[PDB]
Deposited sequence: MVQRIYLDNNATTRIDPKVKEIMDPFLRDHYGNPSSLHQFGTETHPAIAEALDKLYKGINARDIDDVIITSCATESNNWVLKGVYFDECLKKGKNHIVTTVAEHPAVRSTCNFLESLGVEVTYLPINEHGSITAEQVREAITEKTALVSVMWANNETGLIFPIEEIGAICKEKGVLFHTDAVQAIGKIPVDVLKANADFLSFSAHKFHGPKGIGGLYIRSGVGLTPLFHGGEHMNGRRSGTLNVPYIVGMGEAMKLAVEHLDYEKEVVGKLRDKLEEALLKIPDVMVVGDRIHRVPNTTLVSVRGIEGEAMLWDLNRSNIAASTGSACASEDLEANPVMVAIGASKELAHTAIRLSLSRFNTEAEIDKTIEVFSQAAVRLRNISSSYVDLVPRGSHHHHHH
């Protein structure tokens, strides 16, 4: 059998180099980095190299933190509940601006903050599937504690104007957080350009293991820990380090940014090839503005055949995709031209077959 995987927004394959690099820390380098003895101190260099890779990936500076979390959900929960106690309660700034497009980690958390009597403005999506810089400026009260806008959307692949929203936040004196989960490895990410105070990411979206992520925290910005216990991560996030996944995620970031031109040049092209071809088969419109997107994602619709049906079919013929209904096909650098061609074929045949049962 030979399966085609087009579900990169759900999760990605761990890069083989990433599997290789982690392996020694699952075998004989099993010491707790906190121990003083050799089993501990021996892990120190690989961890430092990892952190370094993470800093360079997002343009963090020495004076910033990139804190290791267990996933972007942790990161996101952490930013929101941290600001809740540091701003919303202790400083009266009882308002948070976000968008409707946000991942549930952000949205549900906000929902919880609402239940305690935080006022949350969920900026509405426009016709383009976007949010504009002016939209958040027009929403900032001076009780606004935080603006949280996702860098790129995982439904459509839509990029939002982070840089611009950054500027507004700087001018207005408001904490800015960007969930960048869907941007790492897909387009360049720059916390300096973004004037982010907080950035979250998750490794499994860029060929690292599931079960680890990061939160960038700008110099001098405070954020009450979500994991108290104050050992690890200059006391900001406690718990014995996930040594293998750290070493791994590090490598994952490095490879991810090394592939940034491949992503735009080749992956993007494969995505255009797929999209263009899908657009033929009679009555198939694409969803969203097709300019401001990460290179890897396309969301096609099939006229009067719910997505689920197309996908269940595609699954049977060994092509994995998901909805966003519409059909979300999302690529990685591990897709090939052959696989796309095949997808065009099997997609169209599937379309055909389902039209005919519809009669």
(message) As a test: can you identify every run of the deposited sequence that has no C-alpha position in this structure, in order?
(response) 1, 326 to 350, 386 to 401
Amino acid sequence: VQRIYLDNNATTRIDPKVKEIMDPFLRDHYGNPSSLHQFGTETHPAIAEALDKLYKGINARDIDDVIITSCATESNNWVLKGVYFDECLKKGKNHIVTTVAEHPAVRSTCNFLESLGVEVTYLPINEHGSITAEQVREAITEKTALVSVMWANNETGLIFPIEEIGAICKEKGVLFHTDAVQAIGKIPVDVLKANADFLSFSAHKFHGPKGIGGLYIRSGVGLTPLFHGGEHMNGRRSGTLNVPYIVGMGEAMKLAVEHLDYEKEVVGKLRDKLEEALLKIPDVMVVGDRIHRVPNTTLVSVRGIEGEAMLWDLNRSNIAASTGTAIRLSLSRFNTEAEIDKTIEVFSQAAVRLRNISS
From here on, numbers count along this sequence of modelled residues.
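Each form is matched to the other, and the largest set of C-alpha atoms that superpose within 1.5 Å is called the rigid core.
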(request) Between 283 to 291 and 270 to 278, pick out the one whose C-alpha positions differ more from the shown form in 9 other deposited structures of this protein, using the rigid core for superposition. (result) 283 to 291
(request) Rigid core fitted first, then name the stretch among 41 to 49 and 300 to 308 whose C-alphas deviate most from the displayed form in 9 other deposited structures of this protein. (result) 300 to 308
(request) Select between 221 to 229 and 158 to 166 the stretch whose C-alpha atoms have the higher average B-factor in the entry. (result) 158 to 166
(message) Highest mean C-alpha temperature factor of the two stretches 6 to 14 and 336 to 344, which is it?
(response) 336 to 344
(request) From the list 70, 59, 325, 34, select the residue with the highest C-alpha B factor recorded in the entry. (result) 325
(request) Return the residue from 197, 74, 142, 251 that has the highest Cα B-factor in the entry. (result) 142
(request) Would you check the entry's CA temperature factor for residue 288 and let me know if it's in the chain's lowest, middle or highest third? (result) highest
(request) Comparing against every modelled residue in the chain, figure out the third that the C-alpha B-factor of residue 26 lands in (lowest, middle or highest). (result) lowest
(message) What third of the chain does residue 179 rank in for C-alpha temperature factor, lowest, middle or highest?
(response) lowest
(request) Please place residue 193 in the lowest, middle or highest third of its chain by C-alpha B factor as given in the entry. (result) middle
(message) Can you tell me whether residue 301 has a C-alpha B-factor in the lowest, middle or highest third compared with the other modelled residues of the same chain?
(response) highest
